[PDB]
Structure formats: C-alpha cells, structure tokens
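Worksheet for the structure shown next.
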Amino acid sequence: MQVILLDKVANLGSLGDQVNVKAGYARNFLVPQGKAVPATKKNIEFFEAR
RNA sequence: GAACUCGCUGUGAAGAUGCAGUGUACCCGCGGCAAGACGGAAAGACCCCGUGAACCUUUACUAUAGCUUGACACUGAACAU
C-alpha cells in the first residue's frame with residue numbers, strides 16, 4: 001500500500017517516498033525489519049520530524 | 001362358550017356328535033389302537049393387498065463425503081520477453 005521508506009533503499013527510494021507497493025513486499029521485509037512504516041497519516045509527520 | 005359328547009342317507013357358509021328322516025344303543029370304569037374333530041413340528045411354507053417397513057444392486061431420480069479443475073486470499077522482489 002502506502003508505506004514510506006527510511007533507508008538507503010534500491011531504485012524506488014530517496015530516503016522517504018510515497019509509493020504504491022504490494023502487501024506481501026510490505027510485511028516481512030519492510031514492516032518490522034526496519035526501512036519502512038505504514039502511512040496511516042499520523043506517521044507522515046512523525047518520522048519526517050525525526 | 002356350554003353339553004344329557006351314537007351310526008347312516010340327505011340338506012346346509014357347499015365334508016354335521018347337535019338340522020330332517022331313519023337305524024341302533026342298560027348305567028359307569030379300566031387297559032389299548034390313532035379313524036375324525038382339538039393340538040403339536042404352530043403352513044413363521046405357498047399368494048394377493050396396503051399410495052406398509054427394511055436392507056441390497058445399477059448407465060433410476062435428487063443430494064452428499066472423498067477425489068479433481070480454475071479463480072481469489074495466505075503470496076514476494078529483481079531481470080528478460
């Protein structure tokens with residue numbers, strides 16, 4: 001879905017991008033291993049402040 | 001069911017101890033033979049009926065477990081076409 005990147009990711013990422021990703025590549029790789037977070041419109045200001 | 005519980009011919013729900021005709025027979029036990037009724041091995045074998053029941057078979061009908069097919073979900077990324 002709408003996850004935002006956080007790292008030195010390959011060629012879809014620029015340290016934070018709103019992309020259209022699938023659910024299976026979202027969880028177990030990008031959810032809790034690091035590097036992403038689901039964009040529930042509360043975290044879009046919270047981690048950009050970080 | 002009750003009996004004071006004879007044999008013939010005939011009649012009769014059509015094979016009569018009981019009806020009609022006729023014949024015979026003192027009253028009552030006992031031991032036997034099984035011909036009739038009455039039971040037994042019960043014909044719990046033969047047949048029909050019920051818009052009865054039960055199992056069983058199948059290319060009866062309608063379903064279903066199982067097996068099997070595809071879609072979607074669990075389920076992703078890099079390339080090449």
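Ordering of the structure tokens sets the chain letters (A, B, ...), residue numbers begin anew at 1 in every chain, and ligands are numbered from 1 in the order given.
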
request  = Please determine the contact residues of chain A with respect to chain B at a cut-off of 9 Å, counting only C-alpha atoms (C1' of nucleotides), and supply them as a PyMOL selection string.
outcome  = chain A and resi 22-26

I need the chosen residues saved as a short mmCIF file (atom, residue, chain, number, x, y, z; two decimals), in the first residue's frame, with C-alpha atoms.
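Listed below is the output, part.cif:
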data_model
loop_
_atom_site.label_atom_id
_atom_site.label_comp_id
_atom_site.auth_asym_id
_atom_site.auth_seq_id
_atom_site.Cartn_x
_atom_site.Cartn_y
_atom_site.Cartn_z
CA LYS A 22 2.06 -4.66 -2.65
CA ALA A 23 1.10 -6.07 0.74
CA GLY A 24 3.45 -9.05 0.54
CA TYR A 25 6.55 -6.95 -0.09
CA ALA A 26 5.31 -4.59 2.61
#

ask   = DSSP says alpha helix (DSSP H) for which residues of chain A? Put them as number ranges by chain?
value = A: 23-25, 43-46

query = Where does DSSP see strand (DSSP E) in chain A, if you list the residues as a list in words?
reply =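 Taking chain A and keeping strand (DSSP E) gives residues 4, 5, 36 and 37 of chain A.
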
query = What is the distance, in Å and to one decimal place, between atom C1' of residue B:3 and atom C1' of residue B:26?
reply = 21.7 Å

task = Could you tell me how far atom CA of residue A:29 lies from atom CA of residue A:45, in Å and to one decimal?
result =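 A separation of 22.7 Å between them.
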
message = I'd like the interatomic distance between atom CA of residue A:19 and atom CA of residue A:5, to a tenth of an Å.
response =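 The value is 8.8 Å.
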
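Excluding residue A:46 and any residue on its chain fewer than 5 positions from it, the residues at most 12 Å away by only C-alpha atoms (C1' of nucleotides) are residues 4, 37, 38, 39, 40 and 41 of chain A.
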
Writing out the chosen residues with N, CA, C and O atoms as a short mmCIF file (atom, residue, chain, number, x, y, z; two decimals), in the first residue's frame:
data_model
loop_
_atom_site.label_atom_id
_atom_site.label_comp_id
_atom_site.auth_asym_id
_atom_site.auth_seq_id
_atom_site.Cartn_x
_atom_site.Cartn_y
_atom_site.Cartn_z
N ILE A 4 6.21 4.36 3.59
CA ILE A 4 7.24 5.36 3.32
C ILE A 4 8.60 4.78 3.70
O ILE A 4 8.76 4.21 4.78
N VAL A 37 7.41 1.96 7.25
CA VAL A 37 6.35 2.15 8.25
C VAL A 37 5.06 2.38 7.46
O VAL A 37 5.11 2.98 6.38
N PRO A 38 3.91 1.88 7.91
CA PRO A 38 2.67 2.14 7.16
C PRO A 38 2.20 3.58 7.32
O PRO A 38 2.18 4.12 8.43
N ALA A 39 1.82 4.20 6.20
CA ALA A 39 1.37 5.59 6.22
C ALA A 39 -0.10 5.71 6.58
O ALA A 39 -0.97 5.75 5.70
N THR A 40 -0.39 5.79 7.87
CA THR A 40 -1.75 5.94 8.35
C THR A 40 -2.09 7.41 8.60
O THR A 40 -2.98 7.71 9.40
N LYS A 41 -1.32 8.31 7.97
CA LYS A 41 -1.47 9.77 8.01
C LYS A 41 -1.25 10.37 9.40
O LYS A 41 -1.55 11.54 9.63
#

ask   = Excluding same-chain residues fewer than 3 positions from residue B:8, what lies within 12 Å of it counting only C-alpha atoms (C1' of nucleotides), as a PyMOL selection string?
value = chain B and resi 21-24
